[PDB]
Amino acid sequence: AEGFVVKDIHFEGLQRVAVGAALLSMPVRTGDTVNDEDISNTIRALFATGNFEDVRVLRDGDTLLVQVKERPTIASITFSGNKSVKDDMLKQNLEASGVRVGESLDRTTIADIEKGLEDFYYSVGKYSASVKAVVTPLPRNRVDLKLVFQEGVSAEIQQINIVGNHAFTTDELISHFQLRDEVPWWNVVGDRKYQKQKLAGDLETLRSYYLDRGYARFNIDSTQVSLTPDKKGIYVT
Amino acid sequence: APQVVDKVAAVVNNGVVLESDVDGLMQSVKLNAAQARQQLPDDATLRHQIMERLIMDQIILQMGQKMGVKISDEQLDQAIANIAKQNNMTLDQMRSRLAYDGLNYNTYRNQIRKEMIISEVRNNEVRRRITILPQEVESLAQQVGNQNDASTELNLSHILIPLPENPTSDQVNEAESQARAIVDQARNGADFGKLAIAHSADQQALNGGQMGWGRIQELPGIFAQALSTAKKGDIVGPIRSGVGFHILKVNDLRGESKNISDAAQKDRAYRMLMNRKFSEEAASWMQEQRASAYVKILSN
Amino acid sequence: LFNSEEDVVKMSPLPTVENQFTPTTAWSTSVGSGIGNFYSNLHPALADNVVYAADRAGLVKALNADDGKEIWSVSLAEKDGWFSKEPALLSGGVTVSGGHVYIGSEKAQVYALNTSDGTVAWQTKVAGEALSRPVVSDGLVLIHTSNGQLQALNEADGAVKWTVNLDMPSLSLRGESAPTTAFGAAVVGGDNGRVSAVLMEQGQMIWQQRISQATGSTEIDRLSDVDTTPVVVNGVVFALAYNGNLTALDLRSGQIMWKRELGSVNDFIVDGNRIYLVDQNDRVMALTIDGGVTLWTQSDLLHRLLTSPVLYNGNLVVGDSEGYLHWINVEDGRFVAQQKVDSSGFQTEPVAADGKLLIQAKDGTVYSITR
Amino acid sequence: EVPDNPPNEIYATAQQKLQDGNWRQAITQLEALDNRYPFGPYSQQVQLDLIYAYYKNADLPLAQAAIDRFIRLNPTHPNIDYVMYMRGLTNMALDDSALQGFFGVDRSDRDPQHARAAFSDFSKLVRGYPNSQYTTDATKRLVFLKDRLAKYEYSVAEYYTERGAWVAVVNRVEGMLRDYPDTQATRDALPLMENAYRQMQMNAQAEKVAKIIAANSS
């Protein structure tokens, strides 16, 4: 009724998913009494399976024709533009997010991966870096993923300031730090690059330095990491 | 030969918007505009606005599902009734719903359910982003508290029929006749706002002549004298003056027995301030969530 | 390896202009090593025909405005040399109110020197490094520290009166907002992206509005520091955030009146019915006081790292990171003149007062730029 | 390096190379045919041929990966027993050395991890598909692997007998009896347990073990 009697159900566009699985995913089993809401629920369920990018249902009067467009499978992964982050680390980062050759392309995760990589570039101090993904459609329902990296110039620590040190001096305290405020002209093996993990370890080293002298009450009230408006002058306090 | 029954119009994160839902909201807004088509005369812009409406609804629904908000059928019961003007709801509501869209009874409730879900999540998040300072509710109420010298405050509207600096007797007679006709029409149930828009020469004409809340003693002397015996809903005649004839209307009044020497007022200021902040935060949250989500229009 | 191969995204070339007038430097005096490569707010100040300037090392000089002759000079470094004669790290822009010269320092110190001779009238320890220009009003000195504290110090005694705590995000932009005074209310920006108004009597918040948009998830897109000085006129407060909105708010209510999609950290000028603003991409603009409608836009100086503008002789003057001063016609936005003043560049605000135009270069050379 | 000829030509070339016995070029052709057409009429046959070629090409880790992929993607393929048998063969091959095999070295003392994995795989195949055509060879390999694992435990017990660690010897032989009761290594190890009991002066346990040995003298 309404949707008429379903004599048979035909699927179109199925490439990977077996017809049995698609039938199992639909709520109607040639029930012979299908309404519009039943068709809408069927579409919603089919999309909820996560295997299709587009779903459409047509009626021949007797036949329910389910036209689906399967989400494309990954053909290859290409990294271009990266000058610092190697392709190996990137490729392992891809597999963690499910992007792997031979698997499907989860479009909704694209933004996620992009942001993640940008976050990584920000942890190293390479602000203004961008990582944008391009999906090109290859035949037989495939895609090629190219990650265009456009890294900027790494920001350099302009200053490392400690406020409230009356027993020791800033120079002495930061001499033991991993992060370097300045590098002597003779030393050409170190730089003033920033890293969040190094900053946390640095705070721990300062705490240990103050606790090994018998203070037993040293407390880091706060830590502020600032950045010049041109994004190449990171500051630490 | 094959007939398209339904299709995905837009993809929203893991959910979808179906062309059937788009048509349903199409019909909803068309029925809404049937009462006054000036509300939504646009067609393409209306269609895109409804597209965005469904997109936001899907975003909010998926977010609420993620959090875990749920509503029982018991909460549904009654949450519809005692709303239709004098309707015999939960029995007569269903019978009348059969004649408009109630082909299946559940449809209505399943929609109501959904709407409640979205409301509950929106309210929860938007109000979570709101912060209120007492100093702020105090300042908002301070003006009224200072102005509460009068035991009763009147909401008022005014209309002006102009006269020149040196009017003739004929001009005075015409202005008086027009003012008296306007007063009679208003007392006969005519809309005061429309009359003010059509005839009033005051700057508030395009605003319907609304003057707002006021202390009677602070009004012009003629207004204070005329309104000394006025009550809510009253229409007062014209008042002669060197610049024309004045007409006054009382819309509402308020007062309390508490001695104002402000007194139980900051609650109302809190309500209004919370409403304004809720509107702002909702707009900022409705666009913070549209930007952050994945959307693809396949309407093609 | 790559740090040398790495290349920046953009930088505009030098605009080609013809000078409708000849700009000349009346005098130039060296105040020391200057701020250097440290992003600071330290800029000169003018008062009663005298010019006060300083540098990060600790030197403070009062000079004759007419010819730049030195009147007195002192150093705020350690008196007894307790440790290597440590630099004072002066960062708070030199302010001059009454007979006092207020300077902030990155050692959480605020100095008030004497105008007559330059002796330290008093010195106070604040909650954190004072990166903002001290604001003198109602006998109080307002300091916005790096850790989101707005403190008020007594003008004479120098003791802290009250303190207001402002939220601090995980990552922010160097520099802090200098409050503005209006009818006993101090309006100040914040590194979280909100403009807040507080009282002067005891520091009781009035209202706190959010100006930013922050349409992003990662840290960089969430940067919304309101590091500019809000401008109050006729009961409306104009504020502007980084990546945020140029907004106008009700002074009493803090309610948004109109909004625009421009962002910057430099100051803007509000005069007559126009708002001369420098975008965060170094693009000069002119808008309307009524709304965000644009009158003209000058996009020839993108990524030049311009300083905040100053309205001098009816022309908008802006410095440049390479050491160039550009004049602009307010009516049209066309370049009117261009000059090469210094070689170290400009990073701090120019000063325009009493018919005089002052600017301090990165190396510390104060310049009087006359026509 | 593989031309982009139509799918049929690529499959024919891969089959010809497999028939000729050139494992590397057949592997390259099959990889091209699988990564160009991921889900097609060739998918199952190409995956099986890749497993076979990897096994014959000594690319055992790749064979294991392909076997796992096939099992997880096609849990109910009619030719799934063949994949389990191939997994058993791969694990058994990881438990072999050619240089030591040439010199006639008994490798039962080396790491038994791969032997254990092969035993597990072959037991799975035999129990799941009793009627498969690979069940007899699987059973023979299971017998051999059980003997080898018992010989490993015997080696450990013998070493600890040499060292004088009697509790360790007793525990090892008890584990052998609980795990591999019917192997020859357990019969050989039984006297070691009796000696360990005797050394610790627990004569009752030694007498019990001696009775067990006597009842099973052969």
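Below, all heavy atoms of this structure are taken into account, side chains as well, without hydrogens, waters or symmetry copies. Every chain is numbered from 1 and lettered A, B, ... according to where its sequence line falls, protein lines coming before strand lines.
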Enter the distance from [X]:[atom1] to [Y]:[atom2] here, rounded to the nearest 0.5 Å.
{"X": "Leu173(C)", "Y": "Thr228(A)", "atom1": "CG", "atom2": "OG1", "result": "8.0 Å"}
{"X": "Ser226(A)", "Y": "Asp225(C)", "atom1": "OG", "atom2": "CG", "result": "8.0 Å"}
{"X": "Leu131(C)", "Y": "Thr237(A)", "atom1": "CG", "atom2": "OG1", "result": "7.5 Å"}

Between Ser222(A) and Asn147(C), do the side chains contain a donor N or O and an acceptor N or O under 3.5 Å apart?
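No, because no side-chain N or O of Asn147(C) sits under 3.5 Å from a partner of the opposite role on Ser222(A).
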
Flag if over 12 foreign heavy atoms under 6.0 Å of [atom1], [X]:
{"X": "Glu182(A)", "atom1": "CD", "result": "no"}
{"X": "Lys91(A)", "atom1": "NZ", "result": "yes"}
{"X": "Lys232(A)", "atom1": "NZ", "result": "yes"}
{"X": "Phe79(A)", "atom1": "CZ", "result": "yes"}
{"X": "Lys79(C)", "atom1": "NZ", "result": "yes"}
{"X": "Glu172(A)", "atom1": "CD", "result": "yes"}

Winner by heavy-atom pair count (cut-off under 4.5 Å) against chain A, out of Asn266(C), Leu223(C), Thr218(C)
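When all of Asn266(C), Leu223(C), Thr218(C) are compared, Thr218(C) has the most.
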
Which one of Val8(C), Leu171(C), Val265(C), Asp191(C) has the most heavy-atom pairs closer than 4.5 Å to chain A?
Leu171(C)

Check ion pair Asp221(C)-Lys115(A) (N to O, under 4.0 angstrom)
yes

Which atoms of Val163(A) come close to chain C, meaning under 4.5 Å heavy atom to heavy atom: side chain ones, backbone ones, both, or neither?
side chain

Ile162(A) versus chain C, heavy atoms under 4.5 Å apart: side chain, backbone, both or neither?
backbone

For each of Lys193(A), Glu118(A), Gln159(A), tally heavy-atom pairs with chain C at distances under 4.5 Å, and name the one with the top tally.
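When all of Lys193(A), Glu118(A), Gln159(A) are compared, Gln159(A) has the most.
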
Chain C: which of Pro229(A), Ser128(A), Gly152(A), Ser84(A) shares the most heavy-atom pairs with it under 4.5 Å?
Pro229(A)

Short question: side chain of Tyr235(A), backbone of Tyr39(C) - any donor-acceptor pair under 3.5 Å?
yes

Has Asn161(A) got a side-chain atom pairing as donor or acceptor with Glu106(C)'s backbone, closer than 3.5 angstrom?
yes

For [X], is it the side chain, the backbone, both, or neither that has a heavy atom closer than 4.5 Å to a heavy atom of chain A?
{"X": "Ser264(C)", "value": "neither"}
{"X": "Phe83(C)", "value": "side chain"}
{"X": "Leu1(C)", "value": "neither"}
{"X": "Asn37(C)", "value": "both"}

Flag side-chain contact, heavy atom, 4.5 Å: [X] against [Y]:
{"X": "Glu86(C)", "Y": "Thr170(A)", "value": "yes"}
{"X": "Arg174(C)", "Y": "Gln158(A)", "value": "no"}
{"X": "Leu305(C)", "Y": "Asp230(A)", "value": "yes"}
{"X": "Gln224(A)", "Y": "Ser172(C)", "value": "no"}

Looking at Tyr242(C) and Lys231(A), what are the two nearest heavy atoms and their distance?
OH-NZ, 3.9 Å

